[PDB]
Amino acid sequence: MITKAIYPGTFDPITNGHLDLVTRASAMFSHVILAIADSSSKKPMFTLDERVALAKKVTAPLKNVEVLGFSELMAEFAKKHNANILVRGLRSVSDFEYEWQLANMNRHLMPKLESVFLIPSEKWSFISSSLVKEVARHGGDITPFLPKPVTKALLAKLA
Amino acid sequence: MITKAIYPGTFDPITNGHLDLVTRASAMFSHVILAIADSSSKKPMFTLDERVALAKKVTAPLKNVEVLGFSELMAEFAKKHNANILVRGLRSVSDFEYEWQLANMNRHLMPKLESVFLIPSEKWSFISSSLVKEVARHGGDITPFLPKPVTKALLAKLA
Amino acid sequence: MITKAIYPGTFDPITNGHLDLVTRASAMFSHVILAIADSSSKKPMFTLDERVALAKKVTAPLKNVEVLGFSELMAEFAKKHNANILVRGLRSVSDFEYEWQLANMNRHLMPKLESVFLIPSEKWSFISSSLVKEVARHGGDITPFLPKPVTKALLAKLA
Amino acid sequence: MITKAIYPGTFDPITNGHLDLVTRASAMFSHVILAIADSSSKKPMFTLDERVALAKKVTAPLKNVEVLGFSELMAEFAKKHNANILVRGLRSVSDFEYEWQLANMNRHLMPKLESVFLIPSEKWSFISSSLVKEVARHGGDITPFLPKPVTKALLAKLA
Amino acid sequence: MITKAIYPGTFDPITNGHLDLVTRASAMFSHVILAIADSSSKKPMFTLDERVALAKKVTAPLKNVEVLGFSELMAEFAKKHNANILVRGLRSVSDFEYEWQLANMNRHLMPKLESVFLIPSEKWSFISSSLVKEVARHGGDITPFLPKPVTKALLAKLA
Amino acid sequence: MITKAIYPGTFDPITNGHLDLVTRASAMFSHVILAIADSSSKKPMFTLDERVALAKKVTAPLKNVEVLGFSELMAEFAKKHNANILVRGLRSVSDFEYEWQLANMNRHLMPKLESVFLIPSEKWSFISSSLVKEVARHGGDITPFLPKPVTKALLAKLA
């Protein structure tokens, strides 16, 4: 039996929370696409190419993980790649509303794609990317929250 | 790659919500144990044997689902059955607290068992077993909420 | 156009929160039944007759409010009284889950009965009956939380 | 006894969720104004005139519903129209905070206007307008979520 | 300036979460009473004397912490001890409702006593005493969740 | 024993909710800095100097409160001022997520700074600054929500 899962997000940038979730998804499913949405209208700090390069560095040890950027409808991209499982995180109760909305919308768009949720380790659940960037903008130490090469890119982006 | 998942609960009795979640788990994983906890101290309405018999009737069409009752530590039962994935439902934000507590406890008890969460269909998410029993006690129609043989057993239990 | 609303609860005992909600419902609808469920299996402190007598004293100034005790299915009682609107309170986010479950169940039981929700005044929203009783058991002052005759009955019940 | 209710919102555009709530309000109250706030500072996709025209098409079968655009304080508009009831939706727990804030503010602005809340059908509760627009921008099917003429206008707005 | 804080609870038994909160309160305030409510009607597993003895062992290194059992109204006990600050934990969003209710009730009972809240370390926030006892009843390892002497007493209580 | 607390925020502008929290913090701690973040990237309505002047007027009666504007990392500012306690508000469950994220981030940035939370009076808990500004923009009365001199400045800012 073969599961092809998609882990979609803007990953701007990939964090230690994302790394925990993709590592766990990697262990459970045959193949995982870490799918990075262009999200142009959402004004990312890093370009799609920069985000893809960071995610590849961070997920390199995971054999059955593939990083792909995409600009289309997520449901269309999943269909294209024959994915049948969408994996998303729930850091705390507050994440539930939007995951429920997305999962219901995706149910309409691609009835065969099942959404499943993982709760990140307690080490990473409080991590908000906006707050990490805010701390970085003020020169605060963000090394615990991001992979090494991500910390390096973020600091460079802000210097 | 082979996933053996456990879907544990008291299932007192199995509802259309449980049926939706086990059917979806059945489609995703190689094998699913629908594991019914004795839960003696939690005072179930149906005996363990009655609950196992109902769950077998309701899950009979699902080839790769096995129904087993258990009285021990859930983590010990999973280890015994070489399960590596625990599947649980999240009906709404309110279910998150207890799933987060259980998942963290289970992480300590069996570090290799991953917990994953499914959100039931909008058709069934509002279903509370206590409220279904309350309605049944007052002679109200509960046919939409439970499989046919479960409705039959519940009505008999209450007549 | 004529609205007959039902405001159902265990009212064990009626509080200043209930009084605020029934007073507001009284102002909006043609007629309001303040319907007191027997709720025998839920072990009320006050008998149904005691609860009905307290609610009558407290709602006496409200011309178009009628207090009735009932032991059947709430939906059946509403049908019996030709009620088309069920009014319930939401004190805070935490009350939402159970109101959503009840409203969906009631939708199945009586499709024509509409449930509508009021948020109690900030003066009363934090009031929990269990906590008021707990404070009363320890001789603490509960006069702000209950109508005068209710405070009198509760104190007598506990002396 | 006569209830004039106001159902205020930005309605950008009116959705099947709004239609469900206004239809239910229509059944309960003598008259309903579906009041569309200009909300200029909130940058709507559709002009006020476009939104009013869509809401009129969608609410045409409801005899006692009137659609009006307004740019002033909602409380002032309600006073102007002698409305005594404000109806708003609660899709899930997450909507509670803002409704509680608005209702308290409106209590100060117009003490006689009562706010009352309806929970939309399970068919529509997960619908977020931002997410529907996002799906539409990517060419995904949004026909289940919006009335036919709204789907038509949205698609045209985005082509 | 001198702060005498009270940290009240049933402490049945004291956990590593309680220890974290009392240690932090100890660092901030001049004196802390760790106040153990008899809570007879709430059916504790450990007697008041057993709970007091466990809390004394666990808080012994904290110079300015005093452990006292009490059976009266918490507000009366605080007044008796001239406490002006009540410290309580918030493990997650789900704890907020009851703390808000208690704090408002305590405001009425003793207007000069201020309630203040601490969030436990991420190491301990998921710990539920009921779930720890449930795991202990089934022979599971609970050593990470309770101080050593508490683990010893609990195991003995259950053997 | 000496507590130096910091109460940080954008205070754009200071509200009666902030005044309640700082007054309570003033009563509990030896010294309180009401610290106003420049928050340039968050586009405040009032300049930092305007916000500092308003906060000084409103906190003038509080002997042990000092108002200071700052543009750096909050943790760095606290270290600079030898603060050991950070005080923040929790108006309702909805505020918990962001306070938990901030508190965890601040734990990493300055391990010795303890965060503690106060719940504002029921009089002020529903107050949202964005909604007060929205009401002010439409000429509605906001006098209950802001100190007198703040109402004066806001009205002038909007005329």
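Think of it as A, B, C, D, E and F in the order they're written, each chain with its own count starting at 1.
One rule holds for everything that comes next: a contact is a pair of C-beta atoms (placed from the backbone, for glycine too) under 8 Å apart; a residue touches a chain by one contact, two chains touch by 3 or more.
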For this session: Average the CA atoms of each chain to get its centre, and name the chain whose centre is farthest from that of chain A.
Result: C
For this session: If you tally contacting C-beta pairs, which comes out ahead, A-E or B-E? Let me know.
Result: B-E
Problem set entry | Geometric centre distance via CA averages, chain B-chain A, whole Å | 30
Exercise. Using the average of all C-alpha atoms in each chain as its centre, how far is it in Å between chain A and chain F?
Worked result: 34
Problem set entry | Contacts with two or more other chains, residues of chain F listed in rising order | 92-94, 97, 100, 104, 122, 126
Problem set entry | Touch-based graph of the chains, sorted into line, ring, star, complete or other | other
For this session: Would you please name all pairs of chains that touch?
Result: A-B, A-D, A-E, A-F, B-C, B-D, B-E, C-D, C-E, C-F, D-F, E-F
Seminar exercise, completed: Seen from chain B, its contact residues with chain A in the complex are 1-3, 24, 27-30, 84-85, 90, 92-93, 96-97, 99-100, 103-104, 114-119, 122
Exercise. Taking the complex as given, what residues does chain A use to touch chain D?
Worked result: 41, 72-73, 75-76, 97, 100-102, 104-105, 108-109
Exercise. Which chain F residues qualify as touching chain D in the complex?
Worked result: 92-94, 126-128, 131-132, 135, 137-141, 144
Problem set entry | chain B residues within the chain D interface of the complex | 92-94, 122-123, 125-126
